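Chains as they are written, first to last, in the authors' numbering: chain Be, 3 to 57; chain BY, 4 to 128; chain BX, 2 to 142; chain BJ, 2 to 180. Idealized CB from N, CA, C, for every residue including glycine. Take a look at the structure below.
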Amino acid sequence: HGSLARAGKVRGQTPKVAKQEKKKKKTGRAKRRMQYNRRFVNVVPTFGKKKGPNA
Amino acid sequence: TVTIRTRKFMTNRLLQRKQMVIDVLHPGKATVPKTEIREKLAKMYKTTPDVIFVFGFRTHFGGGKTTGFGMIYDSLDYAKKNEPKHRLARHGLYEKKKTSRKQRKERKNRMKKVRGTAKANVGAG
Amino acid sequence: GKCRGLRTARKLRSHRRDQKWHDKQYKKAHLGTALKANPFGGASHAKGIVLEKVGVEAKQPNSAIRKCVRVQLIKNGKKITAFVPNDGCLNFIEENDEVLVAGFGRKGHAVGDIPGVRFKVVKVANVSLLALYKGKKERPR
Amino acid sequence: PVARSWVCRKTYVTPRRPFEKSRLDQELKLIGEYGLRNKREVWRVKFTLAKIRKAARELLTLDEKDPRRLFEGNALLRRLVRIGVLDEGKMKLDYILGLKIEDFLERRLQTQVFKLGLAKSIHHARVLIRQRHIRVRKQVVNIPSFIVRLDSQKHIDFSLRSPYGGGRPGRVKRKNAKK
RNA sequence: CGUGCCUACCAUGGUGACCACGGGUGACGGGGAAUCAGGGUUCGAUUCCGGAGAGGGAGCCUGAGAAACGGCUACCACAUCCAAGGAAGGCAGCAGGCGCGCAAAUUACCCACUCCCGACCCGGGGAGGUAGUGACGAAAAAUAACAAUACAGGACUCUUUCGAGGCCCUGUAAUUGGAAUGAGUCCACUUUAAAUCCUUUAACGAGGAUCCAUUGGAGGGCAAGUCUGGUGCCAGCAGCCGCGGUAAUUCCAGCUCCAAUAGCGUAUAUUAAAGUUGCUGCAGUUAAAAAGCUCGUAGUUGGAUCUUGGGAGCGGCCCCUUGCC
Ligand SMILES: [Mg+2]
Ligand SMILES: [Mg+2]
Ligand SMILES: [Mg+2]
Ligand SMILES: [Mg+2]
Ligand SMILES: [Mg+2]
Ligand SMILES: [Mg+2]
Ligand SMILES: [Mg+2]
Ligand SMILES: [Mg+2]
Ligand SMILES: [Mg+2]
Ligand SMILES: [Mg+2]
Ligand SMILES: [Mg+2]
Ligand SMILES: [Mg+2]
Ligand SMILES: [Mg+2]
Ligand SMILES: [Mg+2]
Ligand SMILES: [Mg+2]
Ligand SMILES: [Mg+2]
Ligand SMILES: [Mg+2]
Ligand SMILES: [Mg+2]
Ligand SMILES: [Mg+2]
């Protein structure tokens, strides 16, 4: 029926972007420590009509 | 430096042996070796060192006590009689000289094949 | 409505053992036709050999040309329309290669975009298709 | 054939509903409050509290004058007192069910270090109990998941170690650099 | 040894709608395992007990014990050396090889422990034990941590303070250390039949080329972006609803988050949710479903009625019916 030539067209024509030099991430107990200290120490001035975990 | 104390102590007069549990305490350096523990126990029992054995040692996770089982005898002949050859092998009283696999079993098969004079020729050499 | 005596438990187990077959799951799990009719012989995965590469059509609201592989099995010897998962991998699946296959999400039904394909490609010639879609573990030939 | 040991106990319960926002916030504030690694060691405490509640409800099912109930209830109360969750007061079985998850996390090792000094920021107290620098008794403790019994409750030490036990772990590097 | 186990004669019995008989089992039976109200449902070849077999089935010596198979005999299917006339074989024992496969480990060491066997304190044991592969699975469990100096993004006690901070998270690719401790590198121990690993210890042993945490997702279920660039019903994503036809909250990539964490996704069998198998506990006017009506066997169920108030002694025995003589 249809043609079989168009395979991986978007993956081929998508221009590549180099992954930047991201710094290392603290993991495990340190990661749960920063997850607690990211959303449980300085959130209370905000109001419930808006939430900002990503924007 | 070290402190060697026996916790449990039994005596079997049937073999003239004295069994004990030995704790050697270390607030300091590494595990004191077999020969040095043997010499200190020989000095504390005030007899000859060649009659007292000990086996097994633990370590209670950071210095601490090392626990073993000590055997005080009263005769070297009784030590040769009532002890295994591998615990005589710590001081080299017994040697086997053929600690090899498949040698005994292949001599068994070469004696199983032939019989008599040829069996004495092949299996003994 | 029911039968609620003290000596009626044979009538109960008879009626329940009869009426338990009208559930679809019980009869497809305890009737032999769902083992001697399906492929795989009632297994999880199967190897197979590529026979051809077919561009099938999609359904009515979704207009797409899905890429499938007709696969000759080794265990039973049947023919299975498998499925090429990712955006590429049509150039990574060549002709007559060892292909491991599995299901989509359910044994009976299929995915609501492809009409008659129940099975999915996992490996290509003993090297994983996730590796062939990523950069590592390049193909032999 | 072989006969050594075959046993398999799981102190690990994944909850049914995976993603509840209030429960995830509760578990995150619990981890950030009591200084924990991951949520499986929250689920440990949750499963142990659940098993104690199972035993307590099985005892409360029984008749009051039953000798098995009296023996098992007195033994369970004795074990909870020697852990240190309960008190020497209410020795009833409903007082077992009237508990929370935070009591066992309080009776763990480093929270007793928080209540009795030498803690200095629980996330650093994790390091202080991993590295051999906090020693409940002559048998050295090396484990964060350590339930401190109330019968001793006061023995916090360290011997032959860096800050007071004595030694040059890496200050010999600094002395060789200056010399 | 009791047995229709077998024979001679005699009688016509024996089982079944309470399911026999006849088939199928991807059926070895149990103790048990998984699944969290209760009730149940599904596996159990597998380490303990019992049964059966040593390629198929038949027969048998020895022996107390075998229809034995690391015993023998004959047939069938394989299969070894053959100077061609004959011999010789059984890994569903321990390794290992081919094939089958989605699918499963080394031609290792030792009788040191457990025991077993024999004439026997001494010999033997791929029974076993130890080591090697091992992310089936279970328990503990670091991943750059940590307390300090400073720029302050500022939260908070209070004085018009545009700050006095003996309290707070945060980017600091900024410093200081304890130069924390671990993994590895290795001396000596210890374990051990001889060794390996944990444990004990001497000496090296982190400052971002560090000694680097992945697996999936970010429209709803279900946590997280109405971010940016291409692609423009093509590629594809999506287990379902659905997205993509030039402005994609779903494709590809980048950034940033989120889920659990040295265990995450996937497929399949199964369990709970499933009160969608309902005995607890489902329905039958219209959603799927009450036989056209009636009789009736087996089954299931079946009115009431026959021991009664009280006595001794307080804050358990009998009579006025309460073990028969
Ligand atoms: Mg489906
Ligand atoms: Mg007859
Ligand atoms: Mg259950
Ligand atoms: Mg149950
Ligand atoms: Mg029998
Ligand atoms: Mg047999
Ligand atoms: Mg065979
Ligand atoms: Mg045999
Ligand atoms: Mg054999
Ligand atoms: Mg995706
Ligand atoms: Mg995206
Ligand atoms: Mg959400
Ligand atoms: Mg999926
Ligand atoms: Mg219904
Ligand atoms: Mg209708
Ligand atoms: Mg109808
Ligand atoms: Mg009708
Ligand atoms: Mg009737
Ligand atoms: Mg009646």
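May I have the straight-line CA-CA distance separating residue i from residue j, to the nearest angstrom?
i, j, result
"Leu74(BX)", "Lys12(BX)", "47 Å"
"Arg108(BJ)", "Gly171(BJ)", "34 Å"
"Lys91(BJ)", "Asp19(BX)", "57 Å"
"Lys18(Be)", "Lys135(BX)", "14 Å"
"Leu37(BJ)", "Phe115(BJ)", "14 Å"
"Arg20(BY)", "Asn85(BY)", "9 Å"
"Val72(BX)", "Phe84(BX)", "10 Å"
"residue 1(BJ)", "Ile157(BJ)", "Shown here, chain BJ extends from 2 to 180; a query on residue 1(BJ) therefore has no answer."
"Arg169(BJ)", "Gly95(BY)", "42 Å"
"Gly43(BX)", "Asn77(BX)", "11 Å"
"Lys51(Be)", "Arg24(BJ)", "21 Å"
"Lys105(BY)", "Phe159(BJ)", "54 Å"
"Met47(BY)", "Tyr97(BY)", "28 Å"
"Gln132(BJ)", "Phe64(BY)", "13 Å"
"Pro47(Be)", "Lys53(Be)", "12 Å"
Using only CA atoms, which one of the options lies nearest to residue i?
i, options, result
"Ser45(BX)", "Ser64(BX), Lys121(BX), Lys60(BX) and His16(BX)", "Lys121(BX)"
"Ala47(BX)", "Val123(BX), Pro141(BX), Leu131(BX) and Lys137(BX)", "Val123(BX)"
"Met23(BY)", "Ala127(BY), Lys99(BY) and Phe72(BY)", "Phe72(BY)"
"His124(BJ)", "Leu117(BJ), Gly85(BJ), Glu65(BJ) and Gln111(BJ)", "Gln111(BJ)"
"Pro30(BY)", "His89(BY), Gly67(BY), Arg8(BY) and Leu44(BY)", "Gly67(BY)"
"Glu103(BJ)", "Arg17(BJ), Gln113(BJ) and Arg79(BJ)", "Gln113(BJ)"
"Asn39(BX)", "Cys4(BX), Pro62(BX), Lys108(BX) and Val102(BX)", "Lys108(BX)"
"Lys155(BJ)", "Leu161(BJ), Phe20(BJ) and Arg138(BJ)", "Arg138(BJ)"
"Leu91(BY)", "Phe56(BY), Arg8(BY) and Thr38(BY)", "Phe56(BY)"
"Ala65(BX)", "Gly6(BX), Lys138(BX) and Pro116(BX)", "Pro116(BX)"
"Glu42(BY)", "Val5(BY), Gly65(BY), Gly128(BY) and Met13(BY)", "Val5(BY)"
"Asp77(BY)", "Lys101(BY), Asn124(BY), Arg16(BY) and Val125(BY)", "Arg16(BY)"
Taking all protein chains shown into account, do 16 or more other C-beta atoms lie within 10 angstroms of the C-beta of residue i, making it buried, or fewer, making it exposed?
i, result
"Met74(BY)", "buried"
"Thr29(Be)", "exposed"
"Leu32(BX)", "exposed"
"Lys47(BJ)", "buried"
"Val118(BX)", "buried"
"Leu119(BJ)", "exposed"
"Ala82(BY)", "buried"
"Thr34(BX)", "exposed"
"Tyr27(BX)", "exposed"
"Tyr13(BJ)", "exposed"
"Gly33(BJ)", "buried"
"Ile40(BY)", "buried"
"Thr14(BY)", "exposed"
"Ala178(BJ)", "exposed"
"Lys68(BX)", "buried"
"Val27(BY)", "buried"
Could you name the residues of chain BX that residue i contacts, counting a contact when the two beta carbons are closer than 9 Å?
i, result
"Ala9(Be)", "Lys68, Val85, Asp88, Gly89, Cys90, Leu91 and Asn92"
"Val19(Be)", "Those do not exist, as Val19(Be) stays about 15 Å from chain BX at its closest Cβ, beyond 9 Å."
Could you tell me which chain BJ residues have their CB closer than 9 Å to the CB of residue i, listed as they occur along the chain?
i, result
"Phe60(BY)", "The contacting residues do not exist; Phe60(BY) stays about 17 Å from chain BJ at best."
"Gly30(Be)", "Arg38 and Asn39"
Anything in chain BY within Cβ reach of residue i, meaning under 8 Å, just list it in chain order.
i, result
"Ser160(BJ)", "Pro30 and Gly66"
"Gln140(BJ)", "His63, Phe64 and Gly67"
For a contact meaning CB atoms closer than 8 Å, what does residue i contact in chain Be?
i, result
"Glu99(BX)", "Correct list: empty, because the minimum Cβ distance to chain Be is about 21 Å."
"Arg69(BJ)", "The contacting residues do not exist; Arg69(BJ) stays about 43 Å from chain Be at best."
"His124(BJ)", "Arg31, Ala32 and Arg35"
Starting from the beta carbon of residue i, find every residue of chain Be whose beta carbon is closer than 9 Å, and list them in chain order.
i, result
"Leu29(BJ)", "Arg34, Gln37, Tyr38, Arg41 and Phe42"
"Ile32(BJ)", "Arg31, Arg34, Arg35, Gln37 and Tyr38"
"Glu58(BX)", "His3 and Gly4"
Given that residue i touches chain BX, what residues does it touch there, using C-beta distances under 8 Å?
i, result
"residue 79(Be)", "Since the displayed chain Be opens at 3 and closes at 57, residue 79(Be) lies outside it and no answer follows."
Quick one: list the residues of chain BY neighbouring residue i, beta-carbon separation under 9 Å, in chain order.
i, result
"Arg133(BJ)", "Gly65"
Does the stretch 16 to 32 of chain BJ come close enough to the stretch 27 to 38 of chain Be that 3 or more CB-CB pairs lie under 8 Å? yes
Would the stretch 140 to 153 of chain BJ count as touching the stretch 163 to 174 of chain BJ if we require 3 or more Cβ pairs under 8 Å? no
Does the pairing of the stretch 87 to 107 of chain BX with the stretch 49 to 57 of chain BX give three or more beta-carbon distances under 8 Å? yes
At a cut of 8 Å, does the stretch 30 to 37 of chain BY reach the stretch 55 to 69 of chain BY through at least three beta carbon pairs? yes
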